[PDB]
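**Student:**
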Ligand code: HEM
Ligand SMILES: CC1(C)[C@@H]2CC[C@@]1(C)C(=O)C2
Ligand SMILES: [K+]
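In the entry's author numbering, the protein residues as written are 10 to 414.
1. What three-state label does DSSP hand residue 314 in the structure shown?
2. To the nearest angstrom, report how far apart residue 176 and residue 250 are at their CA atoms.
3. Could you check if residue 236 is buried or exposed, using at least 16 other CB atoms within 10 Å of its CB as the buried criterion?
4. Measure the Cβ-Cβ separation of residue 287 and residue 135 and say whether it is below 8 Å.
5. Does at least one heavy atom of ligand 2 sit under 7 Å from the Cβ of residue 101?
6. If contact is defined by three or more beta carbon pairs under 8 Å, each pair taking one atom from either stretch, is the stretch 326 to 333 in contact with the stretch 301 to 308?
7. Using only the alpha-carbon positions, how far apart do residue 106 and residue 409 sit?
8. One question on the structure: do residue 393 and residue 165 come within less than 8 Å of each other, judged by their Cβ atoms?
9. Which residues share a DSSP beta bridge with residue 383?
10. Can residue 91 be considered in contact with ligand 4, in the sense that its beta carbon sits closer than 7 Å to one or more heavy atoms?
11. Counting only runs that start and end within the stretch 289 to 357, where is the alpha helix (DSSP H) found for 4 or more residues in a row?
12. Compute every distance between the C-beta of residue 201 and the non-hydrogen atoms of ligand 3, then say whether any falls below 7 Å.
13. Where does the unbroken alpha helix (DSSP H) through residue 54 begin, and where does it stop?
14. Do residue 323 and residue 295 come within 8 Å of each other at the CB atom, strictly closer than that value?
15. Are the beta-carbon atoms belonging to residue 308 and residue 52 less than 8 Å from one another?
16. Under 8 Å, do residue 169 and residue 199 count as touching if we go by C-beta distance?
17. Quick one: is residue 279 buried, meaning 16 or more other Cβ sit within 10 Å of its Cβ, or exposed?
18. Any heavy atom of ligand 1 inside 7 Å of the beta-carbon of residue 397?
19. Rounded C-beta distance between residue 338 and residue 291? I'm assuming under 8 Å.
20. From residue 150 to residue 143, what distance separates their C-alpha atoms?
21. Which residues share a DSSP beta bridge with residue 399?
22. Can you name the residues that DSSP bridges to residue 149?
23. Taking the runs of the alpha helix (DSSP H) that are 4 residues or longer, which of them lie wholly in the stretch 184 to 241?
24. Among residues of its own chain, excluding the 5 on either side of residue 413, which ones have a beta-carbon nearer than 8 Å to its beta-carbon?
25. Would you tell me roughly how many angstroms separate the C-alpha atoms of residue 58 and residue 325, rounded to the nearest one?
26. Buried or exposed for residue 370, going by 16 or more other Cβ atoms inside 10 Å?
27. Does the stretch 178 to 194 come into contact with the stretch 87 to 97, if we say contact requires no fewer than three beta-carbon pairs (one atom in each stretch) closer than 8 Å?
28. Per DSSP, residue 63 is paired with what?
29. Report yes if the CB atom of residue 368 is closer than 8 Å to the CB atom of residue 232, and no otherwise.
30. Could you pull out every residue in the same chain whose Cβ sits closer than 6 Å to the Cβ of residue 41, ignoring the five residues on either side in sequence?
31. Looking at residue 314: is its Cβ nearer than 8 Å to the Cβ of residue 243?
32. I'd like the list of long-range same chain contacts for residue 356, defined as Cβ closer than 7 Å, with 5 residues on each side in sequence excluded.
33. Report the rounded CA-to-CA distance for residue 403 versus residue 390, giving the unit in angstroms.
34. Residues in its own chain within less than 8 Å of residue 426 by CB, not counting five upstream and five downstream?
35. By Cβ distance below 7 Å, which residues in the same chain neighbour residue 99 in space, the five residues on each side in sequence not counted?
36. Note down the Cα distance separating residue 102 from residue 398, rounded to an integer number of angstroms.
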């Protein structure tokens, strides 16, 4: 379904990419998005899919647009417009200077100091999960580890009951990769309906959990409001439930298929943090955007006030102008350039948590299950959206070749 071309959009800039179902998805979702970087596609294009919006395809343009909040506002950051309009999460729906007091609170709850405190718990949950799985010689990685590991950590941090995960996880996914069963707004309001009473409970009798801390936070010489607390906690949930979860699967699918890269990390565990960064570049997975606050000419293209522009975080590290042989995974890549965690004032507040979760997974998995592969003949299917994902990841291994810790 192609929305008719706006008058200011030249025909030669039309490239009808569908971010929710790209044509070459079978090849892998990063491969599919990478068609935007083939020689036939201009650096900045208009797609008529999903209501009609711009797409920047190059690292340099993506970075520039993310720095320039004056022209490119976060107020409406999702495609389609209906989602972007309904999107009211804090701090990401705000531009500076208003954004700044809230970002600092968010940093306080999921930032590095909190990760440092959680190190042992992170280690423990990973080891316990992996030790439980090891004697099986098989798992569906997405549901047996990729989901429970970072989600149980977040749920613990947020002080929310684990029994609520299936319901909460379902709703989160409707905001990033919708079933078609709910609109973005329904899912958001459902999440909000869950949060509202808890936030009230924790303003009256605060705890030490992340939600108590947000709800009782100080921003700008005043306490956060109940509704502001609600909008920040909703975003923290989504970050906790639908980011690392998907990334781990892209990484493990790759490792399962490439024993040499596994052996590299097994024999040289000191290369794991470097590997994690390269994996973050190659299997980048997030794409949101901004909305034009005024008419603006950007790299020779006129944008009209109210135009939406998708600025795919995924695309920067896959840009050959940024990394030679971008689809090639090289753990000793001299300069790993990417914007997987974003760019400008909205750069991911949870990046340290993500990195810790990844590096711990890489270390403890390869230690206990050094040798594994994708199940015989099984076809790996990726899913595309605001955050991309892996639908299923069946793995098999000989437990004899596995090592108990
Ligand atoms: C590999 C994992 C992750 C990736 C790739 C990722 C990606 C991103 C990106 C691209 C942005 C900026 C979006 C924009 O500019 O519109 C962002 C922001 C944010 N992320 Fe992450 N994220 C990850 C993990 C997490 C985790 C685990 C949390 C923990 C709750 C989290 C919490 C947040 C928050 C609160 C923001 C908003 C910061 C602001 O608006 O100032 N993220 N993330
Ligand atoms: C784009 C994101 C990855 C970032 C954290 C969750 C997410 C979906 C957002 O709405 C902000
Ligand atoms: K909005």
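Virtual Cβ for every residue (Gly too), placed ideally from N, Cα, C.
**Tutor:** Let's see:
1. In the structure shown, residue 314 falls within a coil segment according to DSSP collapsed to helix, strand and coil.
2. In this structure, the straight-line span from the alpha carbon of residue 176 to that of residue 250 is close to 11 Å.
3. Under this definition residue 236 is an exposed residue.
4. When the beta-carbon positions are compared, residue 287 and residue 135 stay at least 8 Å from each other.
5. Taking 7 Å as the cut-off, one finds at least one heavy atom of ligand 2 near enough to the beta carbon of residue 101.
6. No contact exists between the stretch 301 to 308 and the stretch 326 to 333.
7. Using only the alpha carbons, I get a separation of about 58 Å.
8. Inclusion of residue 393 and residue 165 in the CB contact set at 8 Å is not warranted, their separation being larger than that value.
9. Residue pairing by DSSP puts residue 383 in a beta bridge opposite 404.
10. No copy of ligand 4 appears in this structure; the ligands present are ligand 1, ligand 2 and ligand 3.
11. Fully enclosed alpha helix (DSSP H) runs of 4 or longer: 322 to 327.
12. No, Cβ of residue 201 sits at least 7 Å from all heavy atoms of ligand 3.
13. Boundaries for residue 54: no alpha helix (DSSP H) harbours it, while the beta strand (DSSP E) harbouring it runs 53 to 56, taken from the DSSP string.
14. Yes.
15. Here residue 308 is near residue 52, since their CB atoms are less than 8 Å apart.
16. No; because the gap between Cβ atoms is not below 8 Å, this pair is not in contact.
17. Residue 279 counts as exposed, since fewer than 16 other C-beta atoms from the protein chains shown sit within 10 angstroms of its C-beta.
18. No, ligand 1 has no heavy atom inside 7 Å of this Cβ.
19. Right, the Cβ-Cβ distance comes to about 5 Å (below 8 Å), so this counts as a contact.
20. Note on geometry: alpha-carbon atoms of residue 150 and residue 143 lie some 12 Å from one another.
21. Its beta-bridge partners are 391.
22. According to DSSP, which records beta bridges pairwise, residue 149 is partnered with 403.
23. As far as the stretch 184 to 241 is concerned, its whole alpha helix (DSSP H) runs of at least 4 residues are 193 to 213 and 219 to 224.
24. These residues qualify, in order along the chain: 140, 143 and 377.
25. Rounded to whole angstroms, the gap between the alpha carbons of residue 58 and residue 325 is 22 Å.
26. Answer is buried; the Cβ neighbour count reaches 16.
27. Yes, the stretch 178 to 194 is in contact with the stretch 87 to 97.
28. Answer by DSSP bridge pairing, in chain order: 55 and 318.
29. Taking 8 Å as the Cβ cut-off, residue 368 and residue 232 do not qualify as a contacting pair.
30. Closer than 6 Å at the Cβ level, and outside the excluded window around residue 41, lie 31, 33 and 34.
31. Their beta carbons are not under 8 Å apart, which means residue 314 does not touch residue 243 by this criterion.
32. Cβ within range, chain order: 350.
33. So the two alpha carbons sit approximately 11 Å from each other.
34. Residue 426 is absent from the model: the chain starts at 10 and stops at 414.
35. Counting only Cβ-Cβ distances below 7 Å, and skipping sequence neighbours, we find 111, 237, 240, 241 and 244.
36. Their Cα atoms are separated by approximately 23 Å.
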